[PDB]
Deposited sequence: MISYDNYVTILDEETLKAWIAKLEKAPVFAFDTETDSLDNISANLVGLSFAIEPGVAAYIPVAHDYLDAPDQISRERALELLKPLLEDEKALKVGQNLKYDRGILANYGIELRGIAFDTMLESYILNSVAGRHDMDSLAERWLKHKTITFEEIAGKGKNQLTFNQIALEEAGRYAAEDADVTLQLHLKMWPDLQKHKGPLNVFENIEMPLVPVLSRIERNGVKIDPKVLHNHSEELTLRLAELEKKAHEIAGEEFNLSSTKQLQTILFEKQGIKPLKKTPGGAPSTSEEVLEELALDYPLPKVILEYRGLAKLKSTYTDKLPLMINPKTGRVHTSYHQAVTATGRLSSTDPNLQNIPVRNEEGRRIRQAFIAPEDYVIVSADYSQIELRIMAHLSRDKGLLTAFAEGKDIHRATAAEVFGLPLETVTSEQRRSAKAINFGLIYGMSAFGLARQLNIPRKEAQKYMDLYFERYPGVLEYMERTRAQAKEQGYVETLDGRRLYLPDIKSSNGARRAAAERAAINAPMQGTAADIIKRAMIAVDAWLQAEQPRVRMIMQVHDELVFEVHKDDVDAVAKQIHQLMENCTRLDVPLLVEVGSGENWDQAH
């Protein structure tokens, strides 16, 4: 257990100033903040904690207000005395998920600098799939120590206490242990992160500098029109009713639009072929095949989709508007994906349909404030360009070199015919192949996405590998080093460990081979996107133009730019993105503007 003897609870200026003095000469120090809410923009700082050495840490309570709470240094006094240390780029800080802490200090006009080590990221860069990268998991993995959980001091359920209600000493045990343990994790991981210049590089120049930019992006938020969202909601209830009637009208009686229950008893009972279609799914969708001539399945198809979309974005989004800012603040996760791409939640921007008409309507609800315009900067098929370089293929490289459409160029060579005469079905085949390679798709999986028979798909892949030889070389060379060293790397050094590469199990090992081919191209794009964010954010902080970086989804960065500035700013973002990142991959940035995200997209 941790008692009230481990750490000190600072309740007077004389002691705080003493610690501040020690802090100023420590090589590095761990620091943490305690608040009354998980909501960064509207949380209140309840206290701060530090650790200058393993086992030597303190907690400074500034805003606990339960009945009869003892005197504490005022939040304002503590922050003014602590400010210089925090705003000093030279004083290096350590912390677990420093993003959250940086934002909290920003609620008080304090710019946290010297953001050098985030143990959450150290862990992530060491091995992304090693396990969960949260402090509690880390401490158990690297220190065989079980930390005090939040539920332990605050409680569970609706009657859970906010930090400001917890007794000073109990708050101290939790807060000071955080800092202390954080420092210990650093000391154990930092040394390891240097055994290789690859991960080291990614961690230092990509991941760490990104911590404050993600904070600024998250806090800026995104302006959403709730009216638009409400109309769309009402309209979708009418379309759901209409679609249900049409289904009943096609056959007879009433029924749910649920497969393997009410659908099979209708669809195949009135001709077709027995099996159902899982909502496994992106490989054999029985329902959309019948949709080319059959009407009923086509309506049930479009019904489910609308039903999912409505309750996921149409009814949720408006409830996520923050009362303090009036904007929506999405949560980006830096240490979650195995390849290094940022993920997103509440809302998960990446699941909003792109090639679909309704997803477009959702995007229209993302609006620019008065006198501003939404500006969308996107990397045109970056992954494919990355594969081009990785395979050293003159064909692909030349296609991008002279600005031709790679999918048509691919079909022109694979099917052997002029580029101006390649048909829509041929381009669609090549595209299926091109993206099939990135995910390491099997010759039969391609047959299921193209609807052609097996070995007909094989015919195509053999023609591809012959016309584009370098792509097979890469596929094999990557599957090679993967088994040899148990991992694959990206252009910047980022690593994905594949433990099941020699699995001895069939499919488990196949997954590991697909990931081998994929990870290098996907992780490299991720790295590129992060370098663009840092680059654009640096210019933002230095030049102070009238623009905010509001979103990051897939291979694009979304901004809010002042209408009078649109042109000069567009020139700038474009240059920053296709020039201040890597100079070895042939990159292209498509920049567009509009009144809402859909208009600029």
- [ ] Map the modelled residues onto the deposited sequence and report the uncovered stretches in sequence order.
- [x] 280 to 283
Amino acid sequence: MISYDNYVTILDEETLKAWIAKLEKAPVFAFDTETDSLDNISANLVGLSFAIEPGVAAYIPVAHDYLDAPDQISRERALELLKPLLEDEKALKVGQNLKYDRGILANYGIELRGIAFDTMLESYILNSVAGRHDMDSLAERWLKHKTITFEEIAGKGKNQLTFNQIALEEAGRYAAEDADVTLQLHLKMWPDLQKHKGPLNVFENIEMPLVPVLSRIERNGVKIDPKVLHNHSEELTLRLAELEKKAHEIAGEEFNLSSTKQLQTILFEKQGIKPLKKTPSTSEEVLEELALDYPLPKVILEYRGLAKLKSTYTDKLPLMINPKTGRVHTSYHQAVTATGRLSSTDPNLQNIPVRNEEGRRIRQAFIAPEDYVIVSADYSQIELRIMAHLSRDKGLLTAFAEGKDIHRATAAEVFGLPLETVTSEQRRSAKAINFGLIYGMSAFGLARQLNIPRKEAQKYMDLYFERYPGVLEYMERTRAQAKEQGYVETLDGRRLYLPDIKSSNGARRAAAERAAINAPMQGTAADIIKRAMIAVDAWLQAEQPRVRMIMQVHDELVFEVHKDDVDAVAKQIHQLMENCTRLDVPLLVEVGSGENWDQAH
From here on, numbers count along this sequence of modelled residues.
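Take the two forms, superpose them, and find the largest set of C-alpha atoms that agree within 1.5 Å; that set is the rigid core.
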Task: Higher-deviation segment by CA RMS in 7 other deposited structures of this protein, core fitted, 289 to 297 or 394 to 402 - done: 289 to 297
Open item on the list: On mean Cα temperature factor in this entry, is 78 to 86 or 284 to 292 the higher one?
Closed with: 284 to 292
- [ ] Can you let me know which of the two, 64 to 72 or 572 to 580, has the higher average C-alpha B-factor in the entry?
- [x] 572 to 580
Open item on the list: I'd like to know which of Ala482, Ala179, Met135, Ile528 has the highest C-alpha temperature factor in the PDB entry.
Closed with: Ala482
- [ ] By the entry's C-alpha temperature factors, tell me which of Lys394, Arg355, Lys431, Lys324 sits highest.
- [x] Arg355
Open item on the list: Please place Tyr108 in the lowest, middle or highest third of its chain according to the CA B-factor in the PDB entry.
Closed with: lowest
- [ ] Could you tell me which third, lowest, middle or highest, the C-alpha B-factor of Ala167 occupies within its chain?
- [x] lowest
Task: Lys278 - which third its CA temperature factor falls in, relative to the rest of the chain - done: highest
Open item on the list: Where does the C-alpha B-factor of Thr490 rank in its chain, lowest, middle or highest third?
Closed with: middle
Task: Third of the chain, ranked by Cα B-factor, where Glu207 sits - done: lowest
